[PDB]
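Inspection log for the structure reproduced underneath, given as C-alpha coordinates.
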Amino acid sequence: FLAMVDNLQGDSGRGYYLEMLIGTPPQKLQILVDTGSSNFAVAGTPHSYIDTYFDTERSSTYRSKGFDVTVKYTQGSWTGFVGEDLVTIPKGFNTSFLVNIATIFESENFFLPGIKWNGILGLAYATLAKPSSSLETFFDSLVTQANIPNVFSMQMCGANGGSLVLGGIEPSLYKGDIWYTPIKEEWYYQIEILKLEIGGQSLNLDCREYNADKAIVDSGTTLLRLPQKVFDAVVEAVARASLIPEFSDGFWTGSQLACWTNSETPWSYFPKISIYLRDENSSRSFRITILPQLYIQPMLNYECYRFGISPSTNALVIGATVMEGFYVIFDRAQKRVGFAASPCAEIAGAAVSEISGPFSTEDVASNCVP
Amino acid sequence: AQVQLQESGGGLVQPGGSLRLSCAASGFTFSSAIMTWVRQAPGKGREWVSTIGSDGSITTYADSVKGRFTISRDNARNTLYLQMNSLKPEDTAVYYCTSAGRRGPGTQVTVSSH
Ligand SMILES: CC#C[C@]1(c2cc(NC(=O)c3ccc(C#N)cn3)ccc2F)N=C(N)OCC12CC(F)(F)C2
(Lines give C-alpha, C1' and ligand atoms only; values in the text may rest on other atoms or scores of the structure.)
Protein backbone atom coordinates (compact mmCIF):
# COMPACT_ATOMS: atom_id res chain seq x y z
CA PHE A 1 0.00 0.00 0.00
CA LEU A 2 3.09 2.47 0.11
CA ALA A 3 2.18 3.22 -3.55
CA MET A 4 -1.09 4.68 -2.10
CA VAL A 5 0.53 7.05 0.51
CA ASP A 6 0.11 10.72 -0.38
CA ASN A 7 -2.03 9.83 -3.43
CA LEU A 8 -4.72 12.52 -2.49
CA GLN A 9 -4.34 16.20 -3.26
CA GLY A 10 -6.42 19.10 -1.78
CA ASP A 11 -7.59 20.36 1.69
CA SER A 12 -11.01 20.65 3.27
CA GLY A 13 -12.30 23.36 0.88
CA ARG A 14 -10.80 22.22 -2.43
CA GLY A 15 -11.79 18.62 -1.39
CA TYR A 16 -9.41 15.63 -1.25
CA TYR A 17 -9.17 14.25 -4.79
CA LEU A 18 -7.49 11.32 -6.43
CA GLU A 19 -5.99 11.30 -9.99
CA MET A 20 -8.12 8.86 -12.07
CA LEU A 21 -7.37 7.81 -15.80
CA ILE A 22 -10.64 6.94 -17.75
CA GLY A 23 -11.16 5.48 -21.17
CA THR A 24 -8.89 4.64 -24.10
CA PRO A 25 -6.74 6.52 -24.66
CA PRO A 26 -6.83 7.50 -20.99
CA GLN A 27 -8.34 11.00 -19.93
CA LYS A 28 -6.97 12.24 -16.50
CA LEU A 29 -9.44 13.50 -14.19
CA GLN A 30 -9.33 14.74 -10.58
CA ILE A 31 -11.97 12.95 -8.59
CA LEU A 32 -13.36 13.92 -5.14
CA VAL A 33 -13.23 10.97 -2.65
CA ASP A 34 -16.74 10.87 -1.33
CA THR A 35 -17.68 8.32 1.42
CA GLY A 36 -21.23 9.83 1.51
CA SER A 37 -22.41 8.73 -2.00
CA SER A 38 -22.26 5.68 -4.19
CA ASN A 39 -21.82 6.79 -7.89
CA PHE A 40 -18.77 7.38 -9.93
CA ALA A 41 -20.04 10.73 -11.47
CA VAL A 42 -17.89 12.81 -13.60
CA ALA A 43 -18.04 16.12 -15.62
CA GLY A 44 -19.33 15.31 -19.16
CA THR A 45 -19.39 18.78 -20.72
CA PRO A 46 -17.30 21.94 -20.06
CA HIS A 47 -18.63 24.10 -17.10
CA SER A 48 -17.75 27.11 -14.66
CA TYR A 49 -15.49 26.38 -11.68
CA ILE A 50 -13.83 23.24 -13.76
CA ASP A 51 -10.99 22.93 -16.58
CA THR A 52 -11.42 19.34 -17.66
CA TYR A 53 -14.23 16.85 -18.22
CA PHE A 54 -14.36 13.35 -19.55
CA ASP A 55 -15.18 13.29 -23.33
CA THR A 56 -16.99 9.87 -23.88
CA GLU A 57 -16.76 10.39 -27.62
CA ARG A 58 -12.89 10.38 -27.46
CA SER A 59 -12.83 6.93 -25.66
CA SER A 60 -12.93 3.92 -27.93
CA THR A 61 -13.89 1.56 -24.96
CA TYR A 62 -16.75 3.63 -23.72
CA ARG A 63 -20.21 1.98 -23.80
CA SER A 64 -23.47 3.80 -23.10
CA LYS A 65 -26.18 2.01 -21.02
CA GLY A 66 -28.81 4.17 -22.93
CA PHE A 67 -30.38 5.68 -19.79
CA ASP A 68 -29.96 8.81 -17.41
CA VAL A 69 -29.48 9.34 -13.69
CA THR A 70 -31.15 12.05 -11.60
CA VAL A 71 -30.38 13.03 -8.08
CA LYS A 72 -32.24 15.79 -6.40
CA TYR A 73 -30.82 16.74 -2.91
CA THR A 74 -31.45 19.66 -0.62
CA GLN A 75 -28.52 22.01 -1.77
CA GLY A 76 -29.40 21.02 -5.40
CA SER A 77 -29.19 18.40 -8.10
CA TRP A 78 -27.20 16.47 -10.68
CA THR A 79 -28.09 14.74 -13.99
CA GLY A 80 -25.90 12.50 -16.19
CA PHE A 81 -25.79 9.59 -18.65
CA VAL A 82 -24.82 6.29 -17.35
CA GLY A 83 -22.15 4.21 -19.19
CA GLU A 84 -19.23 1.98 -18.73
CA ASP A 85 -15.52 2.22 -19.30
CA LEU A 86 -12.02 1.23 -18.30
CA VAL A 87 -10.34 3.09 -15.44
CA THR A 88 -6.80 3.02 -13.80
CA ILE A 89 -5.72 4.54 -10.55
CA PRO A 90 -2.07 5.21 -11.21
CA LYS A 91 -1.12 5.85 -7.49
CA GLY A 92 -2.40 2.46 -6.51
CA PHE A 93 -2.85 -0.09 -9.44
CA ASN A 94 -1.12 -1.27 -12.65
CA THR A 95 -4.13 -2.67 -14.35
CA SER A 96 -7.36 -1.16 -15.59
CA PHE A 97 -10.82 -2.12 -14.33
CA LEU A 98 -14.20 -1.99 -16.04
CA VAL A 99 -16.68 0.28 -14.13
CA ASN A 100 -19.94 2.24 -14.36
CA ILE A 101 -19.64 6.01 -15.01
CA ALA A 102 -22.22 8.84 -14.83
CA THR A 103 -21.26 11.72 -17.09
CA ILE A 104 -22.88 14.96 -15.71
CA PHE A 105 -24.42 17.21 -18.40
CA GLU A 106 -26.61 19.41 -16.10
CA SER A 107 -26.53 20.33 -12.35
CA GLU A 108 -27.43 22.88 -9.49
CA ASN A 109 -25.10 23.60 -6.48
CA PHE A 110 -22.93 20.73 -7.62
CA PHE A 111 -19.55 22.15 -9.08
CA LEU A 112 -19.40 25.00 -6.37
CA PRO A 113 -16.81 27.81 -6.74
CA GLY A 114 -13.13 26.96 -5.89
CA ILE A 115 -13.23 23.15 -6.31
CA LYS A 116 -10.18 21.49 -8.15
CA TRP A 117 -12.05 18.18 -8.84
CA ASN A 118 -14.12 17.45 -11.90
CA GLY A 119 -15.86 14.36 -10.64
CA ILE A 120 -16.93 12.31 -7.58
CA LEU A 121 -15.97 8.93 -6.41
CA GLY A 122 -18.74 7.50 -4.32
CA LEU A 123 -17.40 4.88 -1.98
CA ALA A 124 -20.58 4.13 0.08
CA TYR A 125 -22.75 1.10 -0.31
CA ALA A 126 -24.79 -0.24 -3.17
CA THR A 127 -28.04 0.84 -1.43
CA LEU A 128 -27.31 4.58 -2.19
CA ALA A 129 -26.58 3.95 -5.92
CA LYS A 130 -28.59 5.71 -8.50
CA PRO A 131 -30.75 4.98 -10.42
CA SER A 132 -30.79 1.88 -8.24
CA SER A 133 -28.72 -0.37 -6.22
CA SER A 134 -28.20 -2.73 -9.26
CA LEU A 135 -25.66 -0.09 -10.67
CA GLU A 136 -22.49 -1.78 -9.47
CA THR A 137 -20.36 0.70 -7.42
CA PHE A 138 -16.77 1.58 -8.20
CA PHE A 139 -15.45 -0.06 -5.07
CA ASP A 140 -17.55 -3.22 -5.53
CA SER A 141 -16.04 -3.28 -9.16
CA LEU A 142 -12.49 -2.84 -7.74
CA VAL A 143 -12.74 -5.40 -4.96
CA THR A 144 -13.90 -8.01 -7.43
CA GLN A 145 -11.59 -7.28 -10.26
CA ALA A 146 -8.33 -6.29 -8.32
CA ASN A 147 -8.51 -8.99 -5.74
CA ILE A 148 -8.23 -6.64 -2.69
CA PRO A 149 -9.90 -6.91 0.58
CA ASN A 150 -13.26 -5.25 1.11
CA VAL A 151 -11.69 -2.39 3.09
CA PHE A 152 -10.31 1.08 2.41
CA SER A 153 -8.89 3.74 4.62
CA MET A 154 -8.47 7.45 4.46
CA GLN A 155 -6.21 9.99 5.86
CA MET A 156 -6.68 13.73 5.34
CA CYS A 157 -3.78 16.04 6.08
CA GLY A 158 -5.15 19.70 5.23
CA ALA A 159 -5.45 20.83 8.83
CA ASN A 160 -1.13 19.69 0.82
CA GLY A 161 -2.97 16.31 0.62
CA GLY A 162 -3.75 12.91 2.07
CA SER A 163 -4.07 9.11 1.41
CA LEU A 164 -6.69 6.78 0.12
CA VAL A 165 -5.54 3.25 0.80
CA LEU A 166 -7.83 0.87 -1.33
CA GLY A 167 -7.50 -2.50 0.06
CA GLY A 168 -6.29 -2.20 3.55
CA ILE A 169 -4.57 -0.14 6.40
CA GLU A 170 -1.15 1.44 6.02
CA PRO A 171 0.72 1.21 9.32
CA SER A 172 2.97 4.31 8.64
CA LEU A 173 -0.34 6.47 8.59
CA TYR A 174 -1.22 5.99 12.34
CA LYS A 175 0.26 5.50 15.75
CA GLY A 176 -1.60 4.20 18.78
CA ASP A 177 -4.62 1.84 18.53
CA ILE A 178 -7.40 1.58 16.08
CA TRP A 179 -10.76 1.74 17.76
CA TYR A 180 -13.65 0.31 15.85
CA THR A 181 -17.35 1.17 16.10
CA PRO A 182 -20.08 -0.85 14.33
CA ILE A 183 -21.66 0.21 11.09
CA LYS A 184 -25.36 0.18 12.00
CA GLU A 185 -26.80 0.15 8.48
CA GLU A 186 -24.93 -0.26 5.24
CA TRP A 187 -25.98 2.69 3.10
CA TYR A 188 -24.05 5.63 4.29
CA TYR A 189 -21.33 4.70 6.75
CA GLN A 190 -23.91 5.03 9.55
CA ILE A 191 -22.38 4.69 13.10
CA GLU A 192 -23.88 5.16 16.62
CA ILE A 193 -23.12 8.31 18.68
CA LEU A 194 -23.65 7.96 22.33
CA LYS A 195 -22.59 11.46 23.80
CA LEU A 196 -21.04 14.79 22.88
CA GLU A 197 -18.96 16.48 25.45
CA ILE A 198 -17.69 20.13 25.23
CA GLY A 199 -14.84 21.23 27.64
CA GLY A 200 -15.39 18.14 29.74
CA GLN A 201 -19.21 18.73 30.05
CA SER A 202 -21.76 16.47 28.36
CA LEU A 203 -24.70 18.06 26.66
CA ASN A 204 -27.95 17.07 28.54
CA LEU A 205 -29.60 15.49 25.27
CA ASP A 206 -31.20 11.99 24.85
CA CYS A 207 -28.67 10.00 22.92
CA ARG A 208 -31.47 9.62 20.12
CA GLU A 209 -30.78 13.31 19.35
CA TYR A 210 -27.43 12.53 17.77
CA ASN A 211 -28.89 9.66 15.53
CA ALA A 212 -32.26 10.89 14.09
CA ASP A 213 -32.22 10.23 11.10
CA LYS A 214 -28.60 9.19 11.04
CA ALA A 215 -24.93 9.78 12.19
CA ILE A 216 -22.60 9.18 9.35
CA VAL A 217 -18.93 9.34 8.30
CA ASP A 218 -18.71 11.47 5.01
CA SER A 219 -15.46 12.69 3.34
CA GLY A 220 -17.68 14.48 0.89
CA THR A 221 -19.08 16.97 3.45
CA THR A 222 -16.62 19.78 4.54
CA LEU A 223 -17.97 20.62 8.02
CA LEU A 224 -19.13 18.83 11.17
CA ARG A 225 -22.90 18.95 10.61
CA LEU A 226 -25.26 18.70 13.54
CA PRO A 227 -29.13 18.42 13.80
CA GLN A 228 -30.31 21.98 14.77
CA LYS A 229 -31.11 21.03 18.47
CA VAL A 230 -27.65 19.48 18.77
CA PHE A 231 -25.98 22.38 16.99
CA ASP A 232 -27.61 24.93 19.28
CA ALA A 233 -26.47 22.98 22.30
CA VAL A 234 -22.91 22.70 20.99
CA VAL A 235 -22.82 26.45 20.30
CA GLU A 236 -24.16 27.26 23.78
CA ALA A 237 -21.59 24.96 25.53
CA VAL A 238 -18.70 26.26 23.36
CA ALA A 239 -19.58 29.90 24.19
CA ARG A 240 -20.10 29.17 27.98
CA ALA A 241 -16.85 27.10 28.06
CA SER A 242 -15.17 30.20 26.36
CA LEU A 243 -15.30 32.91 29.29
CA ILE A 244 -13.72 35.56 26.82
CA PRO A 245 -15.92 38.19 25.19
CA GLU A 246 -18.41 36.43 22.93
CA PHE A 247 -18.24 35.53 19.22
CA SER A 248 -20.84 37.08 16.90
CA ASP A 249 -24.05 35.13 16.01
CA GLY A 250 -22.66 35.57 12.55
CA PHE A 251 -19.69 33.56 13.40
CA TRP A 252 -21.63 30.61 14.66
CA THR A 253 -23.88 30.43 11.61
CA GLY A 254 -21.15 30.75 8.82
CA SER A 255 -22.07 34.35 8.02
CA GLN A 256 -19.04 36.13 9.79
CA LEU A 257 -15.35 35.46 10.28
CA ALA A 258 -13.65 36.23 13.60
CA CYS A 259 -10.05 37.78 13.30
CA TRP A 260 -6.98 38.27 15.52
CA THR A 261 -3.55 39.95 15.47
CA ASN A 262 -1.75 37.46 13.27
CA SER A 263 0.08 36.86 16.63
CA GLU A 264 -2.46 36.18 19.53
CA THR A 265 -4.10 32.90 18.10
CA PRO A 266 -7.66 32.05 19.30
CA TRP A 267 -6.95 28.22 20.26
CA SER A 268 -5.99 28.68 23.95
CA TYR A 269 -9.48 29.77 25.01
CA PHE A 270 -11.76 27.33 23.24
CA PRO A 271 -12.80 23.93 24.47
CA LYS A 272 -12.29 20.37 23.28
CA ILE A 273 -15.20 18.62 21.55
CA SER A 274 -15.48 14.87 22.01
CA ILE A 275 -17.89 12.52 20.22
CA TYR A 276 -18.42 9.17 22.03
CA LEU A 277 -18.90 6.06 19.72
CA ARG A 278 -20.08 2.60 20.76
CA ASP A 279 -17.39 0.01 20.72
CA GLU A 280 -17.96 -3.61 19.11
CA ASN A 281 -18.60 -4.63 22.71
CA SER A 282 -21.73 -2.66 23.62
CA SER A 283 -20.81 -2.11 27.23
CA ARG A 284 -17.82 0.06 26.14
CA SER A 285 -17.31 3.26 24.23
CA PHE A 286 -14.39 5.27 22.93
CA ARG A 287 -14.17 9.06 22.18
CA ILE A 288 -12.77 10.87 19.32
CA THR A 289 -11.66 14.39 20.24
CA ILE A 290 -11.00 17.57 18.10
CA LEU A 291 -9.10 20.59 19.55
CA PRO A 292 -10.15 24.17 18.51
CA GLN A 293 -7.67 24.32 15.80
CA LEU A 294 -9.94 21.75 13.68
CA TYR A 295 -13.21 23.50 14.27
CA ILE A 296 -11.94 27.22 14.33
CA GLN A 297 -10.54 27.12 10.79
CA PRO A 298 -8.14 29.74 9.01
CA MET A 299 -9.28 31.15 5.69
CA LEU A 300 -1.67 40.24 5.26
CA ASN A 301 -1.78 41.75 8.86
CA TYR A 302 -4.73 39.57 10.30
CA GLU A 303 -5.42 35.69 10.30
CA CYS A 304 -9.18 34.99 10.03
CA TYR A 305 -11.28 32.04 11.00
CA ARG A 306 -14.56 30.32 10.25
CA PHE A 307 -16.56 28.06 12.53
CA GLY A 308 -16.07 24.51 11.29
CA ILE A 309 -19.45 23.20 12.51
CA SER A 310 -22.86 23.93 10.77
CA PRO A 311 -26.46 22.86 11.39
CA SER A 312 -28.24 20.05 9.44
CA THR A 313 -31.79 18.71 9.03
CA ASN A 314 -32.13 14.75 9.02
CA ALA A 315 -28.25 13.94 9.77
CA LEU A 316 -25.20 14.29 12.08
CA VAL A 317 -22.44 14.25 9.39
CA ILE A 318 -18.91 13.55 10.57
CA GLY A 319 -17.22 15.34 7.79
CA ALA A 320 -13.70 16.72 6.95
CA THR A 321 -13.71 19.01 10.13
CA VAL A 322 -13.42 15.70 12.17
CA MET A 323 -11.76 13.24 9.57
CA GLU A 324 -8.81 15.78 9.27
CA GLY A 325 -7.92 14.51 12.86
CA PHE A 326 -7.97 10.74 12.18
CA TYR A 327 -6.86 7.89 10.01
CA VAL A 328 -10.35 6.57 9.28
CA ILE A 329 -10.73 2.81 8.38
CA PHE A 330 -13.92 1.88 6.31
CA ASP A 331 -13.87 -1.92 7.06
CA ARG A 332 -16.78 -2.96 5.02
CA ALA A 333 -15.74 -6.78 5.29
CA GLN A 334 -16.23 -6.55 9.08
CA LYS A 335 -19.04 -4.08 9.19
CA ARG A 336 -17.17 -1.49 11.19
CA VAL A 337 -15.47 1.99 11.05
CA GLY A 338 -12.12 2.33 12.65
CA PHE A 339 -10.41 5.61 13.97
CA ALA A 340 -6.80 6.17 14.95
CA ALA A 341 -5.03 9.61 15.74
CA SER A 342 -3.47 11.02 12.53
CA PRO A 343 0.17 11.91 12.86
CA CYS A 344 -0.13 14.47 10.06
CA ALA A 345 -2.88 16.10 12.20
CA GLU A 346 -0.68 18.51 13.90
CA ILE A 347 -0.24 22.41 13.86
CA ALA A 348 2.60 24.31 15.46
CA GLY A 349 3.92 21.04 16.92
CA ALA A 350 0.68 20.26 18.66
CA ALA A 351 -1.71 17.36 17.99
CA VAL A 352 -5.10 18.70 17.04
CA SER A 353 -7.03 15.52 17.65
CA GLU A 354 -7.13 12.73 20.32
CA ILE A 355 -8.61 9.26 20.69
CA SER A 356 -9.08 7.51 23.97
CA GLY A 357 -10.97 4.70 25.62
CA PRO A 358 -12.55 2.65 26.94
CA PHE A 359 -15.57 4.17 28.93
CA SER A 360 -18.78 2.67 30.31
CA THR A 361 -22.04 2.77 28.44
CA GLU A 362 -24.10 1.76 31.54
CA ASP A 363 -25.74 5.27 31.55
CA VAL A 364 -26.94 5.29 27.79
CA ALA A 365 -29.79 3.06 26.29
CA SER A 366 -28.89 -0.23 24.56
CA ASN A 367 -29.59 1.48 21.24
CA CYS A 368 -29.30 5.16 20.46
CA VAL A 369 -30.66 4.84 16.81
CA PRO A 370 -34.60 5.33 16.73
CA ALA B 1 -33.46 -4.71 -7.17
CA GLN B 2 -33.10 -8.42 -5.74
CA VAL B 3 -30.00 -9.47 -8.00
CA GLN B 4 -30.51 -13.41 -7.86
CA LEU B 5 -27.81 -15.50 -9.57
CA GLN B 6 -27.30 -19.35 -10.15
CA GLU B 7 -24.46 -20.91 -11.64
CA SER B 8 -24.13 -24.42 -13.35
CA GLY B 9 -21.93 -26.51 -15.39
CA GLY B 10 -18.84 -27.41 -13.28
CA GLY B 11 -17.57 -31.00 -12.95
CA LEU B 12 -14.40 -33.24 -12.73
CA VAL B 13 -12.10 -33.12 -15.67
CA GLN B 14 -8.65 -34.07 -16.70
CA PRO B 15 -5.79 -31.93 -17.68
CA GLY B 16 -6.47 -30.65 -21.21
CA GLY B 17 -10.09 -30.87 -20.53
CA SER B 18 -12.90 -28.42 -20.98
CA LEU B 19 -16.06 -27.19 -19.45
CA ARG B 20 -18.62 -24.58 -20.07
CA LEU B 21 -20.22 -22.79 -17.16
CA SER B 22 -23.43 -20.84 -17.26
CA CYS B 23 -25.13 -18.40 -14.80
CA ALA B 24 -28.85 -17.73 -14.89
CA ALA B 25 -29.91 -14.17 -13.68
CA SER B 26 -33.26 -12.89 -12.33
CA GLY B 27 -34.26 -9.79 -10.18
CA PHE B 28 -32.62 -7.05 -12.15
CA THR B 29 -31.94 -5.71 -15.72
CA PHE B 30 -29.33 -8.25 -16.76
CA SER B 31 -28.96 -6.44 -20.05
CA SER B 32 -27.68 -3.33 -18.22
CA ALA B 33 -25.33 -5.04 -15.62
CA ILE B 34 -21.48 -5.55 -15.78
CA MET B 35 -20.94 -9.26 -15.07
CA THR B 36 -18.02 -10.83 -13.49
CA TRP B 37 -16.57 -14.40 -12.87
CA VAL B 38 -14.49 -14.94 -9.84
CA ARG B 39 -12.88 -18.17 -8.45
CA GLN B 40 -12.05 -19.43 -4.85
CA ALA B 41 -10.16 -22.51 -4.03
CA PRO B 42 -9.83 -23.71 -0.64
CA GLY B 43 -6.96 -22.32 1.33
CA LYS B 44 -6.30 -19.60 -1.30
CA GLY B 45 -6.93 -16.09 -2.20
CA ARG B 46 -9.93 -15.08 -4.07
CA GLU B 47 -9.07 -14.53 -7.77
CA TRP B 48 -10.77 -12.62 -10.44
CA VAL B 49 -11.23 -14.53 -13.78
CA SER B 50 -13.12 -12.35 -16.20
CA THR B 51 -15.48 -9.45 -16.58
CA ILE B 52 -17.87 -8.45 -19.37
CA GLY B 53 -19.60 -5.18 -19.98
CA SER B 54 -23.43 -5.16 -20.34
CA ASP B 55 -23.70 -5.25 -24.21
CA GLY B 56 -20.95 -7.82 -24.40
CA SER B 57 -18.41 -6.10 -26.54
CA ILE B 58 -16.11 -5.26 -23.68
CA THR B 59 -14.37 -8.30 -22.00
CA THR B 60 -11.13 -8.49 -19.78
CA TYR B 61 -9.32 -11.51 -18.40
CA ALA B 62 -6.83 -12.41 -15.72
CA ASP B 63 -3.39 -13.09 -17.12
CA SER B 64 -3.68 -16.64 -15.55
CA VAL B 65 -6.54 -17.62 -18.05
CA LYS B 66 -5.90 -15.23 -21.08
CA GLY B 67 -6.53 -17.37 -24.27
CA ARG B 68 -7.68 -20.40 -22.44
CA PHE B 69 -11.15 -19.11 -21.18
CA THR B 70 -13.77 -17.05 -22.86
CA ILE B 71 -16.59 -15.03 -21.18
CA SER B 72 -19.88 -14.40 -23.15
CA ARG B 73 -23.46 -13.50 -22.35
CA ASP B 74 -26.87 -13.84 -23.81
CA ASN B 75 -29.04 -10.85 -22.84
CA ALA B 76 -32.23 -12.16 -24.39
CA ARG B 77 -31.87 -15.29 -22.04
CA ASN B 78 -30.43 -13.41 -18.93
CA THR B 79 -27.55 -15.85 -19.00
CA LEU B 80 -23.77 -15.36 -18.54
CA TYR B 81 -21.29 -18.07 -19.84
CA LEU B 82 -17.75 -19.09 -19.40
CA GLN B 83 -16.04 -21.44 -21.79
CA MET B 84 -12.92 -22.97 -20.30
CA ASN B 85 -10.39 -24.91 -22.48
CA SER B 86 -6.90 -26.12 -21.84
CA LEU B 87 -7.72 -26.93 -18.23
CA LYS B 88 -4.81 -27.10 -15.72
CA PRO B 89 -4.99 -28.53 -12.05
CA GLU B 90 -4.37 -24.94 -10.73
CA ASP B 91 -7.78 -24.02 -12.31
CA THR B 92 -9.44 -26.07 -9.57
CA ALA B 93 -11.93 -24.03 -7.46
CA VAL B 94 -15.45 -22.92 -6.87
CA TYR B 95 -16.27 -20.47 -9.82
CA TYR B 96 -18.94 -17.83 -9.16
CA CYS B 97 -20.70 -14.90 -10.95
CA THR B 98 -20.96 -11.49 -9.15
CA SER B 99 -22.76 -8.38 -9.86
CA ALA B 100 -23.33 -5.34 -7.86
CA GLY B 101 -22.13 -6.57 -4.65
CA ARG B 102 -24.04 -9.91 -4.86
CA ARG B 103 -23.02 -13.37 -6.08
CA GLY B 104 -24.55 -16.75 -6.68
CA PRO B 105 -23.60 -19.92 -4.87
CA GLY B 106 -21.06 -21.09 -7.23
CA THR B 107 -20.17 -24.15 -9.25
CA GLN B 108 -17.20 -26.56 -8.59
CA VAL B 109 -14.47 -27.10 -11.13
CA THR B 110 -11.88 -29.89 -10.41
CA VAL B 111 -9.02 -30.61 -12.71
CA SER B 112 -7.57 -33.86 -11.23
CA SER B 113 -4.85 -35.86 -12.73
CA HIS B 114 -5.79 -38.77 -10.21
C1 LIG C 1 -22.92 12.49 -6.07
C2 LIG C 1 -22.80 13.29 -4.83
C3 LIG C 1 -22.68 13.95 -3.84
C4 LIG C 1 -22.54 14.79 -2.61
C5 LIG C 1 -21.74 16.10 -2.94
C6 LIG C 1 -20.66 16.45 -2.16
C7 LIG C 1 -19.90 17.55 -2.50
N8 LIG C 1 -18.78 17.87 -1.76
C9 LIG C 1 -17.78 18.82 -1.86
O10 LIG C 1 -17.82 19.67 -2.66
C11 LIG C 1 -16.69 18.74 -0.94
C12 LIG C 1 -15.81 19.80 -0.85
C13 LIG C 1 -14.85 19.77 0.11
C14 LIG C 1 -14.72 18.56 0.93
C15 LIG C 1 -13.67 18.44 1.83
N16 LIG C 1 -12.82 18.32 2.60
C17 LIG C 1 -15.59 17.53 0.73
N18 LIG C 1 -16.56 17.64 -0.12
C19 LIG C 1 -20.23 18.31 -3.64
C20 LIG C 1 -21.36 17.98 -4.39
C21 LIG C 1 -22.07 16.87 -4.09
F22 LIG C 1 -23.11 16.54 -4.82
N23 LIG C 1 -21.64 13.92 -1.69
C24 LIG C 1 -21.85 14.00 -0.35
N25 LIG C 1 -21.18 13.30 0.55
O26 LIG C 1 -22.73 14.84 0.20
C27 LIG C 1 -23.39 15.86 -0.65
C28 LIG C 1 -23.83 15.10 -1.95
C29 LIG C 1 -25.07 15.73 -2.82
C30 LIG C 1 -26.01 14.67 -2.26
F31 LIG C 1 -26.71 14.07 -3.30
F32 LIG C 1 -26.84 14.93 -1.17
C33 LIG C 1 -24.76 13.89 -1.72
Side-chain angles (χ1 to χ4, degrees), chain A residues 8-13 15-18 30-44 47 50 68-71 73-74 76-82 100-107 109-111 113-115 117-131 135 137-139 154-164 187-190 213-225 254 290 294-295 297-299 306 308-310 312-313 315-326 328 330 342 344-345:
Chain A
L8 298 187
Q9 290 173 83
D11 45 48
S12 76
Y16 293 86
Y17 61 87
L18 181 58
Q30 291 67 56
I31 303 285
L32 179 80
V33 174
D34 180 9
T35 69
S37 59
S38 290
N39 280 93
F40 186 26
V42 310
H47 171 305
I50 66 159
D68 295 7
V69 54
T70 266
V71 182
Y73 54 78
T74 53
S77 85
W78 75 266
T79 285
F81 288 99
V82 184
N100 301 301
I101 190 154
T103 45
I104 305 175
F105 65 93
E106 64 183 304
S107 47
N109 298 269
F110 186 93
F111 286 117
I115 67 200
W117 51 270
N118 38 59
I120 299 201
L121 177 62
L123 281 177
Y125 295 96
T127 297
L128 303 171
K130 285 292 161 161
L135 198 59
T137 70
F138 178 104
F139 193 62
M154 185 174 193
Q155 185 160 88
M156 297 179 183
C157 308
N160 166 299
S163 300
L164 186 72
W187 58 333
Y188 313 102
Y189 294 94
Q190 167 175 2
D213 190 13
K214 64 198 146 277
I216 73 183
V217 187
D218 182 13
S219 71
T221 284
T222 299
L223 300 177
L224 178 54
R225 301 193 70 236
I290 64 169
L294 295 170
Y295 78 80
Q297 319 183 313
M299 294 290 137
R306 74 106 180 267
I309 305 178
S310 66
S312 52
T313 64
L316 199 154
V317 185
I318 300 163
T321 295
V322 181
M323 290 200 53
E324 266 181 332
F326 298 99
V328 179
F330 297 84
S342 290
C344 74

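Computation of the quantities below employed the complete heavy-atom set of this structure, encompassing side-chain atoms and omitting hydrogens, waters and symmetry-equivalent molecules. Lettering of chains follows the sequences in order, A, B, ..., and the numbering in each one begins at 1. Note that ligands are numbered from 1 as they come in the structure, with each ligand's atoms numbered from 1 the same way.
Considering backbone and side-chain N/O of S12(A), one or more are found under 3.5 Å from N/O of ligand 1. Residue contacts with ligand 1: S37(A) is placed with no nitrogen or oxygen under 3.5 Å of a nitrogen or oxygen of the ligand (distance criterion only). Not a single N or O atom of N109(A), backbone or side chain, sits closer than 3.5 Å to an N or O atom of ligand 1.
Under 4.0 angstrom from ligand 1, the non-hydrogen atoms of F110(A) come from both its backbone and its side chain. Only backbone heavy atoms of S219(A) (N, CA, C or O) come within less than 4.0 Å of ligand 1; its side chain stays farther off.
Close approach of ligand 1 to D11(A) (heavy-atom distance below 4.0 Å) involves ligand atoms 16 (N). Listed by number with element, the atoms of ligand 1 under 4.0 angstrom from any heavy atom of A320(A) are 15 (C), 16 (N). Heavy-atom proximity to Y16(A), at under 4.0 Å, picks out these atoms of ligand 1: 16 (N). With ligand atoms numbered from 1 in the order given, ligand 1 contributes 8 (N), 9 (C), 11 (C), 18 (N) to contacts under 4.0 Å with heavy atoms of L32(A). Atoms of ligand 1 found under 4.0 Å from any heavy atom of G36(A) (numbered from 1 in listed order, with element): 25 (N). Near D218(A), the atoms of ligand 1 lying under 4.0 angstrom from a non-hydrogen atom of the residue are 24 (C), 25 (N), 26 (O). Here is the list of ligand 1 atoms found below 4.0 Å of a heavy atom in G15(A): 13 (C), 14 (C), 15 (C).
Ring orientation note: the planes of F111(A) and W117(A) are tilted relative to one another, at an angle of 30° to 60°.
Assignment of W117(A) to the shell around ligand 1 is supported, since a heavy atom sits closer than 4.0 Å. Distances from ligand 1 to the non-hydrogen atoms of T74(A) include no value under 4.0 Å. Contact analysis leaves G76(A) out of contact with ligand 1, as no non-hydrogen atom separation drops below 4.0 angstrom. At least one heavy atom of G13(A) sits closer than 4.0 Å to an atom of ligand 1. Under a 4.0 Å heavy-atom criterion, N39(A) is not in contact with ligand 1.
In terms of modelled atom types and a separation under 3.5 Å, the side chain of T222(A) and the main chain of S12(A) share a donor-acceptor contact. Between the side chain of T321(A) and the main chain of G308(A), a donor-acceptor pair closer than 3.5 Å is present. Listed for the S219(A) side chain is a donor-acceptor partner under 3.5 Å among the backbone atoms of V33(A). The main-chain N or O of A345(A) is never found under 3.5 Å from a side-chain atom of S342(A) such that the two would form a donor-acceptor pair. With hydrogens and angles ignored, the 3.5 Å screen pairs no side-chain donor or acceptor of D68(A) with any backbone N or O of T79(A).
Checked options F138(A), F139(A), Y189(A), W187(A); the residue passing with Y125(A) is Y189(A) (criterion: ring pair (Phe, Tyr, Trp, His ring centres under 6.0 Å)).
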Please report the C-alpha distance between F40(A) and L135(A) in whole Å, then the side-chain angles of each, then the deciding distance to 0.1 Å, and finally whether the side-chain contact (heavy atoms from CB on, under 4.5 Å) criterion is met.
-> CA-CA 10 Å; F40(A) 186 26; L135(A) 198 59; over 6 Å; no

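Note that the OG1 atom of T313(A) and the CZ atom of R225(A) stand 6.5 Å from one another [nearest 0.5 Å]. Atom CD1 in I120(A) sits 11.5 Å away from atom OG in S38(A) (nearest 0.5 Å). Rounding to the nearest 0.5 Å places OG of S37(A) at 8.0 Å from CG of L123(A).
Scanning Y73(A), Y188(A), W78(A) for the heavy atom closest to atom 30 (C) of ligand 1 points to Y73(A). By heavy-atom distance, the residue among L123(A), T321(A), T222(A), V69(A) lying nearest atom 12 (C) of ligand 1 is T222(A).
When all heavy atoms are compared, the tightest approach of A159(A) to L294(A) is CB-CD2, 3.5 Å.
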